[PDB]
Amino acid sequence: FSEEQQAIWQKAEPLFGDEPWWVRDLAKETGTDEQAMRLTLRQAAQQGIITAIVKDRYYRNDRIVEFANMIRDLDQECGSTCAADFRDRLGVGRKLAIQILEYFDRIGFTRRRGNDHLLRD
RNA sequence: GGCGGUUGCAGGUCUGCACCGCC
Ligand SMILES: [Ca+2]
Ligand SMILES: [Ca+2]
Ligand SMILES: [Ca+2]
Ligand SMILES: [Cl-]
Ligand SMILES: [Cl-]
Ligand SMILES: [Mg+2]
Ligand SMILES: [Mg+2]
Ligand SMILES: [Mg+2]
Ligand SMILES: [Mg+2]
Ligand SMILES: [Mg+2]
Ligand SMILES: [Mg+2]
Ligand SMILES: [Mg+2]
Ligand SMILES: [Mg+2]
Ligand SMILES: [Mg+2]
Ligand SMILES: [Mg+2]
Ligand SMILES: [Mg+2]
Ligand SMILES: [Mg+2]
Ligand SMILES: [Mg+2]
Ligand SMILES: [Mg+2]
Ligand SMILES: [Mg+2]
Ligand SMILES: [Mg+2]
Ligand SMILES: [Mg+2]
Ligand code: NA
């Protein structure tokens, strides 16, 4: 973190609860230039503090670990995790549910086969 | 009706519907 990036992070940081954040919303909320916020969160993600599931949409890393354990729970009730079941269980729209699931697919946590996300590890 | 929107909801996925913007 530069000095400008450290001042906007102390701003952005308390706002990271259980919900994901778009860069642009973080920026509107803390009175910071959108692009300046974009670079600060990218460095926050290089540190290992927050993870972008899609470009500019971030969760705290411990939130990700909880989602990974929800996939383990559903895998064991159903035999696998599909979009519809995950978004039912999360209580969120299907679009965020698929963003999260496709995140895990591309880190190799799960693999997609048809509608299912199968535990890979 | 056309073109759009890091909008929402759905269905595996780039479309439908809704809402907004410009015509
Ligand atoms: Ca894990
Ligand atoms: Ca299933
Ligand atoms: Ca499995
Ligand atoms: Cl959430
Ligand atoms: Cl990623
Ligand atoms: Mg939502
Ligand atoms: Mg629903
Ligand atoms: Mg909603
Ligand atoms: Mg999606
Ligand atoms: Mg497939
Ligand atoms: Mg019309
Ligand atoms: Mg459009
Ligand atoms: Mg937005
Ligand atoms: Mg767009
Ligand atoms: Mg949309
Ligand atoms: Mg919009
Ligand atoms: Mg379909
Ligand atoms: Mg496809
Ligand atoms: Mg397309
Ligand atoms: Mg429509
Ligand atoms: Mg109307
Ligand atoms: Mg109107
Ligand atoms: Na939990």
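What's counted below: heavy atoms across the whole structure, side chains too, no hydrogens, waters or symmetry copies. Chain letters run A, B, ... following the sequence lines, proteins first and then strands; every chain starts at 1.
B:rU6 and B:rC20 have their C1' atoms separated by 15 Å, given to the nearest Å. With both ends at atom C1', the span from B:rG2 to B:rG12 equals 29 Å, rounded to whole Å. Here, B:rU15 and B:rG4 have their P atoms 11 Å apart, quoted to the whole Å. Spacing of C1' atoms, B:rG1 relative to B:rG11, comes out at 26 Å, to the nearest Å. With both ends at atom P, the span from B:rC23 to B:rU7 equals 23 Å, rounded to whole Å.
Note: CG (A:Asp85) to P (B:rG12) measures 10 Å, nearest angstrom. In this structure, the CD1 atom of A:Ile98 is 16 Å from the P atom of B:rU15, given to the nearest Å. In this structure, A:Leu90 atom CG and B:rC9 atom P are separated by 11 Å, rounded to whole Å. For A:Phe104 and B:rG12, the CZ to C1' distance is 19 Å, given to the nearest whole Å. Rounded to an integer number of Å, the gap from CG of A:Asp116 to P of B:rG12 is 11 Å. Residue A:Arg57 contributes atom CZ, which lies 6 Å from atom P of B:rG8 at whole-angstrom precision. Counting to the nearest Å, the P atom of B:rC9 and the CG atom of A:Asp88 are 13 Å from each other. Atoms CG (A:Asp25) and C1' (B:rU7) sit 11 Å apart, rounded to a whole Å.
Listed candidates were B:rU6, B:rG8, B:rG12. Nearest to the side chain of A:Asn115 is B:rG12. With B:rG12, B:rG8, B:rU6 as the candidates, the nucleotide lying closest to the side chain of A:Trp22 is B:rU6.
Judged by ring centres under 5.5 angstrom apart and ring planes under 30 degrees, B:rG4 stacks on its strand neighbour B:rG5.
With its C1'-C2'-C3'-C4' torsion below zero, B:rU13 shows a south sugar pucker. Here B:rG12 has a south sugar; its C1'-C2'-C3'-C4' angle has a minus sign. With respect to the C1'-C2'-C3'-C4' torsion, B:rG16 shows a north sugar, the value lying on the positive side. Nucleotide B:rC19 carries a north sugar; the sign of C1'-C2'-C3'-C4' is positive.
Of the two residues contacting RNA chain B, namely A:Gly93 and A:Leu101, the nearest-nucleotide position lying further toward the 5' end is that of A:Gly93. Mapping A:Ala83 and A:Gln99 onto RNA chain B via the closest heavy atom, the residue that lands nearer the 5' end is A:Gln99.
Side-chain contact of A:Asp75 with A:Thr81: a donor-acceptor pair under 3.5 Å is absent, judged by distance alone.
Between A:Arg94 and the phosphate of B:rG12, there is a side-chain N or O to OP1/OP2 separation shorter than 4.0 Å. Contact check, A:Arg87 against B:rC9: no side-chain N or O comes under 4.0 Å of OP1 or OP2. The phosphate of B:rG8 has OP1 or OP2 within less than 4.0 Å of a side-chain N or O from A:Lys95. Between A:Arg38 and B:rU6 there is no side-chain N or O to OP1 or OP2 distance below 4.0 Å.
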Original post:
Please walk me through it: do A:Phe67 and A:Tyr59 pass ring-ring contact (aromatic ring centres under 6.0 Å, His included)?
Top reply: CA-CA 11 Å; A:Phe67 297 149; A:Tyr59 276 105; 4.9 Å; yes

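In this structure, A:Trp21 contributes its side chain and A:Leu15 its backbone to a donor-acceptor pair below 3.5 Å. Judged purely by atom type and a 3.5 angstrom limit, A:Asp116 has no side-chain atom pairing as donor or acceptor with the backbone of A:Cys82. At least one donor-acceptor pair closer than 3.5 Å links the side chain of A:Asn61 to the backbone N or O of A:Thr51.
Base pairing of B:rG1 is made with B:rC23, judged by Watson-Crick or G-U wobble geometry with both donor-acceptor distances under 3.5 Å. Across all strands shown, nothing is found opposite B:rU6 as a Watson-Crick or G-U wobble partner with both distances under 3.5 Å.
In this structure, A:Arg87 and A:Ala97 approach most closely via the heavy-atom pair CB-CB, 3.3 Å.
Base contact: A:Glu102 has a heavy atom under 4.0 Å from a base atom. Within the 4.0 angstrom heavy-atom criterion, base atoms lie near A:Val23.
In this structure, A:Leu96 and A:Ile53 have side chains that are in contact, with non-hydrogen atoms separated by less than 4.5 Å.
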